[PDB]
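Engineer: Pasting model.pdb below, which is PDB, C-alpha atoms.
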ATOM      1  CA  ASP V  13     -83.642 -71.589 159.894  1.00  0.00           C
ATOM      2  CA  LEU V  14     -86.863 -69.643 159.335  1.00  0.00           C
ATOM      3  CA  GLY V  15     -85.158 -66.400 158.232  1.00  0.00           C
ATOM      4  CA  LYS V  16     -83.676 -68.135 155.150  1.00  0.00           C
ATOM      5  CA  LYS V  17     -87.084 -69.598 154.348  1.00  0.00           C
ATOM      6  CA  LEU V  18     -88.753 -66.167 154.559  1.00  0.00           C
ATOM      7  CA  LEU V  19     -86.116 -64.693 152.252  1.00  0.00           C
ATOM      8  CA  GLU V  20     -86.809 -67.377 149.613  1.00  0.00           C
ATOM      9  CA  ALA V  21     -90.575 -67.110 150.071  1.00  0.00           C
ATOM     10  CA  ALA V  22     -90.439 -63.292 149.820  1.00  0.00           C
ATOM     11  CA  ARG V  23     -88.257 -63.489 146.661  1.00  0.00           C
ATOM     12  CA  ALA V  24     -90.492 -66.157 145.076  1.00  0.00           C
ATOM     13  CA  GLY V  25     -93.719 -64.249 145.871  1.00  0.00           C
ATOM     14  CA  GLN V  26     -95.177 -67.020 147.976  1.00  0.00           C
ATOM     15  CA  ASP V  27     -97.766 -65.020 149.931  1.00  0.00           C
ATOM     16  CA  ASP V  28     -99.276 -67.892 151.927  1.00  0.00           C
ATOM     17  CA  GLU V  29     -95.768 -69.206 152.723  1.00  0.00           C
ATOM     18  CA  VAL V  30     -94.687 -65.753 153.962  1.00  0.00           C
ATOM     19  CA  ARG V  31     -97.832 -65.557 156.118  1.00  0.00           C
ATOM     20  CA  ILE V  32     -97.306 -68.998 157.676  1.00  0.00           C
ATOM     21  CA  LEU V  33     -93.561 -68.437 158.253  1.00  0.00           C
ATOM     22  CA  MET V  34     -94.249 -65.131 159.956  1.00  0.00           C
ATOM     23  CA  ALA V  35     -97.138 -66.571 161.994  1.00  0.00           C
ATOM     24  CA  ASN V  36     -94.592 -69.106 163.254  1.00  0.00           C
ATOM     25  CA  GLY V  37     -91.760 -66.828 164.329  1.00  0.00           C
ATOM     26  CA  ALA V  38     -89.748 -65.989 161.184  1.00  0.00           C
ATOM     27  CA  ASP V  39     -87.440 -62.969 161.555  1.00  0.00           C
ATOM     28  CA  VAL V  40     -88.641 -60.095 159.269  1.00  0.00           C
ATOM     29  CA  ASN V  41     -85.137 -58.598 159.314  1.00  0.00           C
ATOM     30  CA  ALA V  42     -83.315 -61.749 158.289  1.00  0.00           C
ATOM     31  CA  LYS V  43     -80.340 -61.026 156.043  1.00  0.00           C
ATOM     32  CA  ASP V  44     -78.786 -63.077 153.308  1.00  0.00           C
ATOM     33  CA  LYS V  45     -75.061 -63.158 152.504  1.00  0.00           C
ATOM     34  CA  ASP V  46     -75.248 -59.790 150.698  1.00  0.00           C
ATOM     35  CA  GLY V  47     -77.352 -58.064 153.370  1.00  0.00           C
ATOM     36  CA  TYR V  48     -80.643 -58.410 151.483  1.00  0.00           C
ATOM     37  CA  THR V  49     -83.735 -58.671 153.683  1.00  0.00           C
ATOM     38  CA  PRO V  50     -87.143 -60.188 152.811  1.00  0.00           C
ATOM     39  CA  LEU V  51     -88.246 -56.597 152.099  1.00  0.00           C
ATOM     40  CA  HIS V  52     -85.385 -55.995 149.600  1.00  0.00           C
ATOM     41  CA  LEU V  53     -86.304 -59.159 147.762  1.00  0.00           C
ATOM     42  CA  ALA V  54     -90.052 -58.669 147.642  1.00  0.00           C
ATOM     43  CA  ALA V  55     -89.588 -55.014 146.613  1.00  0.00           C
ATOM     44  CA  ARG V  56     -87.194 -55.998 143.822  1.00  0.00           C
ATOM     45  CA  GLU V  57     -89.445 -58.766 142.475  1.00  0.00           C
ATOM     46  CA  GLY V  58     -92.762 -56.856 142.552  1.00  0.00           C
ATOM     47  CA  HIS V  59     -94.523 -58.722 145.363  1.00  0.00           C
ATOM     48  CA  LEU V  60     -96.627 -55.911 146.753  1.00  0.00           C
ATOM     49  CA  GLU V  61     -98.738 -57.826 149.254  1.00  0.00           C
ATOM     50  CA  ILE V  62     -95.599 -59.426 150.736  1.00  0.00           C
ATOM     51  CA  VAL V  63     -94.017 -55.920 150.973  1.00  0.00           C
ATOM     52  CA  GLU V  64     -97.095 -54.613 152.849  1.00  0.00           C
ATOM     53  CA  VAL V  65     -97.075 -57.621 155.198  1.00  0.00           C
ATOM     54  CA  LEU V  66     -93.360 -57.162 156.061  1.00  0.00           C
ATOM     55  CA  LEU V  67     -93.721 -53.434 156.596  1.00  0.00           C
ATOM     56  CA  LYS V  68     -96.574 -53.966 159.069  1.00  0.00           C
ATOM     57  CA  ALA V  69     -94.432 -56.496 160.949  1.00  0.00           C
ATOM     58  CA  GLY V  70     -91.760 -53.835 161.551  1.00  0.00           C
ATOM     59  CA  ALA V  71     -89.325 -54.766 158.784  1.00  0.00           C
ATOM     60  CA  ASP V  72     -86.562 -52.145 158.597  1.00  0.00           C
ATOM     61  CA  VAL V  73     -87.794 -50.078 155.603  1.00  0.00           C
ATOM     62  CA  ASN V  74     -84.335 -48.538 155.342  1.00  0.00           C
ATOM     63  CA  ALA V  75     -82.333 -51.730 155.618  1.00  0.00           C
ATOM     64  CA  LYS V  76     -79.180 -51.493 153.593  1.00  0.00           C
ATOM     65  CA  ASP V  77     -77.492 -54.306 151.755  1.00  0.00           C
ATOM     66  CA  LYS V  78     -73.674 -54.545 151.711  1.00  0.00           C
ATOM     67  CA  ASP V  79     -73.600 -51.919 148.931  1.00  0.00           C
ATOM     68  CA  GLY V  80     -76.038 -49.525 150.641  1.00  0.00           C
ATOM     69  CA  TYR V  81     -79.079 -50.511 148.536  1.00  0.00           C
ATOM     70  CA  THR V  82     -82.386 -50.080 150.284  1.00  0.00           C
ATOM     71  CA  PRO V  83     -85.665 -51.719 149.233  1.00  0.00           C
ATOM     72  CA  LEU V  84     -86.666 -48.362 147.678  1.00  0.00           C
ATOM     73  CA  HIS V  85     -83.554 -48.427 145.419  1.00  0.00           C
ATOM     74  CA  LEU V  86     -84.641 -51.792 144.069  1.00  0.00           C
ATOM     75  CA  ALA V  87     -88.326 -50.930 143.609  1.00  0.00           C
ATOM     76  CA  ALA V  88     -87.495 -47.618 141.906  1.00  0.00           C
ATOM     77  CA  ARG V  89     -84.919 -49.316 139.637  1.00  0.00           C
ATOM     78  CA  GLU V  90     -87.323 -52.150 138.754  1.00  0.00           C
ATOM     79  CA  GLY V  91     -90.316 -49.873 138.117  1.00  0.00           C
ATOM     80  CA  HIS V  92     -92.619 -51.190 140.853  1.00  0.00           C
ATOM     81  CA  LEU V  93     -94.632 -48.003 141.349  1.00  0.00           C
ATOM     82  CA  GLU V  94     -97.154 -49.269 143.913  1.00  0.00           C
ATOM     83  CA  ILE V  95     -94.288 -50.739 145.961  1.00  0.00           C
ATOM     84  CA  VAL V  96     -92.435 -47.403 145.724  1.00  0.00           C
ATOM     85  CA  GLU V  97     -95.478 -45.609 147.173  1.00  0.00           C
ATOM     86  CA  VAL V  98     -95.991 -48.079 150.001  1.00  0.00           C
ATOM     87  CA  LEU V  99     -92.302 -47.832 150.960  1.00  0.00           C
ATOM     88  CA  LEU V 100     -92.327 -44.012 151.046  1.00  0.00           C
ATOM     89  CA  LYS V 101     -95.424 -44.013 153.305  1.00  0.00           C
ATOM     90  CA  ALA V 102     -93.689 -46.462 155.671  1.00  0.00           C
ATOM     91  CA  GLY V 103     -90.836 -43.991 156.105  1.00  0.00           C
ATOM     92  CA  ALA V 104     -88.454 -45.060 153.317  1.00  0.00           C
ATOM     93  CA  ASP V 105     -85.493 -42.715 152.981  1.00  0.00           C
ATOM     94  CA  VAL V 106     -86.211 -41.209 149.513  1.00  0.00           C
ATOM     95  CA  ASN V 107     -82.680 -39.806 149.546  1.00  0.00           C
ATOM     96  CA  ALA V 108     -80.713 -42.897 150.554  1.00  0.00           C
ATOM     97  CA  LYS V 109     -77.378 -43.184 148.750  1.00  0.00           C
ATOM     98  CA  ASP V 110     -75.657 -46.434 147.938  1.00  0.00           C
ATOM     99  CA  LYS V 111     -71.869 -46.978 148.172  1.00  0.00           C
ATOM    100  CA  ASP V 112     -71.411 -45.065 144.881  1.00  0.00           C
ATOM    101  CA  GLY V 113     -73.816 -42.235 145.837  1.00  0.00           C
ATOM    102  CA  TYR V 114     -76.706 -43.463 143.675  1.00  0.00           C
ATOM    103  CA  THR V 115     -80.136 -42.510 144.976  1.00  0.00           C
ATOM    104  CA  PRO V 116     -83.496 -44.078 144.023  1.00  0.00           C
ATOM    105  CA  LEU V 117     -84.047 -41.003 141.792  1.00  0.00           C
ATOM    106  CA  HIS V 118     -80.794 -41.844 139.951  1.00  0.00           C
ATOM    107  CA  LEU V 119     -81.910 -45.421 139.357  1.00  0.00           C
ATOM    108  CA  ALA V 120     -85.471 -44.528 138.299  1.00  0.00           C
ATOM    109  CA  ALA V 121     -84.107 -41.780 136.014  1.00  0.00           C
ATOM    110  CA  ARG V 122     -81.491 -44.171 134.570  1.00  0.00           C
ATOM    111  CA  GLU V 123     -84.210 -46.741 133.927  1.00  0.00           C
ATOM    112  CA  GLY V 124     -86.586 -44.116 132.535  1.00  0.00           C
ATOM    113  CA  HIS V 125     -89.422 -44.651 135.005  1.00  0.00           C
ATOM    114  CA  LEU V 126     -91.190 -41.329 134.772  1.00  0.00           C
ATOM    115  CA  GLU V 127     -94.119 -42.093 137.027  1.00  0.00           C
ATOM    116  CA  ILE V 128     -91.686 -43.335 139.741  1.00  0.00           C
ATOM    117  CA  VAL V 129     -89.635 -40.130 139.311  1.00  0.00           C
ATOM    118  CA  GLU V 130     -92.720 -37.933 139.941  1.00  0.00           C
ATOM    119  CA  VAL V 131     -93.588 -39.879 143.085  1.00  0.00           C
ATOM    120  CA  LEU V 132     -89.980 -39.674 144.305  1.00  0.00           C
ATOM    121  CA  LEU V 133     -89.885 -35.913 143.738  1.00  0.00           C
ATOM    122  CA  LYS V 134     -93.256 -35.363 145.475  1.00  0.00           C
ATOM    123  CA  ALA V 135     -91.836 -37.318 148.443  1.00  0.00           C
ATOM    124  CA  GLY V 136     -88.748 -35.130 148.804  1.00  0.00           C
ATOM    125  CA  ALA V 137     -86.133 -36.549 146.386  1.00  0.00           C
ATOM    126  CA  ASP V 138     -83.117 -34.254 146.006  1.00  0.00           C
ATOM    127  CA  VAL V 139     -82.798 -33.358 142.294  1.00  0.00           C
ATOM    128  CA  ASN V 140     -79.295 -32.044 142.965  1.00  0.00           C
ATOM    129  CA  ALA V 141     -77.922 -35.306 144.443  1.00  0.00           C
ATOM    130  CA  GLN V 142     -74.686 -36.320 142.747  1.00  0.00           C
ATOM    131  CA  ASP V 143     -73.118 -39.757 142.473  1.00  0.00           C
ATOM    132  CA  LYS V 144     -69.360 -40.501 142.689  1.00  0.00           C
ATOM    133  CA  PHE V 145     -68.808 -39.293 139.147  1.00  0.00           C
ATOM    134  CA  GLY V 146     -70.706 -36.095 140.007  1.00  0.00           C
ATOM    135  CA  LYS V 147     -73.790 -36.919 137.904  1.00  0.00           C
ATOM    136  CA  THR V 148     -77.376 -35.937 138.818  1.00  0.00           C
ATOM    137  CA  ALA V 149     -80.653 -37.547 137.704  1.00  0.00           C
ATOM    138  CA  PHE V 150     -80.977 -34.584 135.301  1.00  0.00           C
ATOM    139  CA  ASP V 151     -77.603 -35.487 133.794  1.00  0.00           C
ATOM    140  CA  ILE V 152     -78.969 -38.960 133.040  1.00  0.00           C
ATOM    141  CA  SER V 153     -82.090 -37.515 131.415  1.00  0.00           C
ATOM    142  CA  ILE V 154     -79.878 -35.379 129.122  1.00  0.00           C
ATOM    143  CA  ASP V 155     -77.737 -38.414 128.198  1.00  0.00           C
ATOM    144  CA  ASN V 156     -80.800 -40.442 127.222  1.00  0.00           C
ATOM    145  CA  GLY V 157     -82.500 -37.554 125.422  1.00  0.00           C
ATOM    146  CA  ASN V 158     -85.437 -38.067 127.724  1.00  0.00           C
ATOM    147  CA  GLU V 159     -87.391 -34.835 127.316  1.00  0.00           C
ATOM    148  CA  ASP V 160     -90.226 -35.823 129.710  1.00  0.00           C
ATOM    149  CA  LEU V 161     -87.697 -36.727 132.390  1.00  0.00           C
ATOM    150  CA  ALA V 162     -85.590 -33.577 131.884  1.00  0.00           C
ATOM    151  CA  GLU V 163     -88.724 -31.427 132.292  1.00  0.00           C
ATOM    152  CA  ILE V 164     -90.000 -33.156 135.445  1.00  0.00           C
ATOM    153  CA  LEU V 165     -86.518 -32.791 136.950  1.00  0.00           C
ATOM    154  CA  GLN V 166     -85.958 -29.217 135.642  1.00  0.00           C
TER     155      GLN V 166
END
Any chance you could give the structure as structure tokens?
Structural biologist:
Amino acid sequence: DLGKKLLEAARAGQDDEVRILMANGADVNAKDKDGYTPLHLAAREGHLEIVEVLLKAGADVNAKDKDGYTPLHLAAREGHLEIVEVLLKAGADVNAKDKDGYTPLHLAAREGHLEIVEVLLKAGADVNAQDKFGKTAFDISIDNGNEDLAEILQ
């Protein structure tokens, strides 16, 4: 099954493998057990050229895993700035909420990725979005004593 192969190749950052698999009929929207797609996996792992290739092939940019994580959640959490930008341009939902109401802004804030936060804000991220415990990205910045983050957000 080619879908499984593309998932592994996307996760492992095997550009030439991704290219050959796709050239030979691999499903770009293949899903693993947890609802991860090749795009989730590449975005998480930092494989920018694979991300760009999947996007162009019509990969669902807003695919959700079983917990409502999109590829943008994973890229913003992991600090892959270039991948974050490419996703947003491809129509990524900057305000997508996972099962617990966490947005990519929450995850970038929580991880302390300032540059990602700026990009998310410029692209329409809701500063007032609250998770299931009622916390905002600003709340996180106050917890961590992150003055640069707090400012950017408020």
Engineer: Identify the residues around (-81.1, -40.8, 149.3) within a radius of 10 Å, measuring from all atoms listed in the file in the coordinates stated by the file, and give them as a VMD selection string.
Structural biologist: chain V and resid 81 to 82 84 to 85 104 to 110 113 to 118 136 to 138 141
Engineer: Report, in Å with one decimal, the straight-line distance from CA of residue 27 (chain V) to CA of residue 44 (chain V).
Structural biologist: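 We find that CA of residue 27 (chain V) and CA of residue 44 (chain V) lie 19.4 Å from each other.
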Engineer: Could you tell me, as JSON, numbers by chain, exactly which residues end up selected when the PyMOL selection byres ((chain V and resi 67) around 10) is applied to this structure?
Structural biologist: {"V": [40, 51, 61, 62, 63, 64, 65, 66, 68, 69, 70, 71, 72, 73, 98, 99, 102, 103]}
Engineer: Between CA of residue 56 (chain V) and CA of residue 90 (chain V), what is the distance, to one decimal in Å?
Structural biologist: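 Rounded to one decimal, the two atoms are 6.4 Å apart.
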Engineer: Using Å and a single decimal, report how far CA of residue 21 (chain V) sits from CA of residue 59 (chain V).
Structural biologist: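 It comes out at 10.4 Å.
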Engineer: Can you write out as CSV which residues of region 36-147 of chain V fall within 8 Å of region 156-162 of chain V, alongside each residue's closest atom pair and its distance in Å to one decimal, counting all atoms listed in the file and ordering rows by chain and ascending residue number?
Structural biologist:
residue,atom,partner,partner_atom,distance
V:121,CA,V:161,CA,7.2
V:124,CA,V:161,CA,7.5
V:126,CA,V:161,CA,6.2
V:129,CA,V:161,CA,8.0
Engineer: Taking all atoms of region 15-26 of chain V that the file lists, what box with edges along x, y and z, padded by 8 Å per side, do you get, with centre and edge lengths in Å to one decimal, as AutoDock Vina command-line options?
Structural biologist:
--center_x -89.4 --center_y -66.4 --center_z 151.7 --size_x 27.5 --size_y 22.3 --size_z 29.2
Engineer: Taking into account only C-alpha atoms, which residue in the set V:53, V:42, V:88, V:152 is nearest to residue 26 (chain V)?
Structural biologist: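 Distance minimum relative to residue 26 (chain V) lands on V:53.
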Engineer: Could you list, as a PDB file with C-alpha atoms, in the coordinates of the input, every residue matched by the PyMOL selection byres ((chain V and resi 18) around 10) in this structure?
Structural biologist:
ATOM      1  CA  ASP V  13     -83.642 -71.589 159.894  1.00  0.00           C
ATOM      2  CA  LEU V  14     -86.863 -69.643 159.335  1.00  0.00           C
ATOM      3  CA  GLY V  15     -85.158 -66.400 158.232  1.00  0.00           C
ATOM      4  CA  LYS V  16     -83.676 -68.135 155.150  1.00  0.00           C
ATOM      5  CA  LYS V  17     -87.084 -69.598 154.348  1.00  0.00           C
ATOM      6  CA  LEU V  19     -86.116 -64.693 152.252  1.00  0.00           C
ATOM      7  CA  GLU V  20     -86.809 -67.377 149.613  1.00  0.00           C
ATOM      8  CA  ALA V  21     -90.575 -67.110 150.071  1.00  0.00           C
ATOM      9  CA  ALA V  22     -90.439 -63.292 149.820  1.00  0.00           C
ATOM     10  CA  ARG V  23     -88.257 -63.489 146.661  1.00  0.00           C
ATOM     11  CA  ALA V  24     -90.492 -66.157 145.076  1.00  0.00           C
ATOM     12  CA  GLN V  26     -95.177 -67.020 147.976  1.00  0.00           C
ATOM     13  CA  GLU V  29     -95.768 -69.206 152.723  1.00  0.00           C
ATOM     14  CA  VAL V  30     -94.687 -65.753 153.962  1.00  0.00           C
ATOM     15  CA  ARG V  31     -97.832 -65.557 156.118  1.00  0.00           C
ATOM     16  CA  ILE V  32     -97.306 -68.998 157.676  1.00  0.00           C
ATOM     17  CA  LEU V  33     -93.561 -68.437 158.253  1.00  0.00           C
ATOM     18  CA  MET V  34     -94.249 -65.131 159.956  1.00  0.00           C
ATOM     19  CA  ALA V  38     -89.748 -65.989 161.184  1.00  0.00           C
ATOM     20  CA  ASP V  39     -87.440 -62.969 161.555  1.00  0.00           C
ATOM     21  CA  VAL V  40     -88.641 -60.095 159.269  1.00  0.00           C
ATOM     22  CA  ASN V  41     -85.137 -58.598 159.314  1.00  0.00           C
ATOM     23  CA  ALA V  42     -83.315 -61.749 158.289  1.00  0.00           C
ATOM     24  CA  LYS V  43     -80.340 -61.026 156.043  1.00  0.00           C
ATOM     25  CA  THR V  49     -83.735 -58.671 153.683  1.00  0.00           C
ATOM     26  CA  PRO V  50     -87.143 -60.188 152.811  1.00  0.00           C
ATOM     27  CA  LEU V  51     -88.246 -56.597 152.099  1.00  0.00           C
TER      28      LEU V  51
END
Engineer: When distances are computed from only C-alpha atoms, which of V:94, V:78, V:60, V:148 shows the smallest separation from residue 111 (chain V)?
Structural biologist: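 Closest to residue 111 (chain V) of all the choices is V:78.
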Engineer: Tell me which of V:54, V:87, V:165, V:100 sits closest to residue 151 (chain V), counting all atoms listed in the file.
Structural biologist: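 For residue 151 (chain V), the nearest of the candidates is V:165.
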Engineer: For each of V:112, V:79, V:155, V:163, take the minimum atom-to-atom distance to residue 139 (chain V), counting all atoms listed in the file, then give the residue where this is smallest.
Structural biologist: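 Using all atoms listed in the file, residue 139 (chain V) sits closest to V:163.
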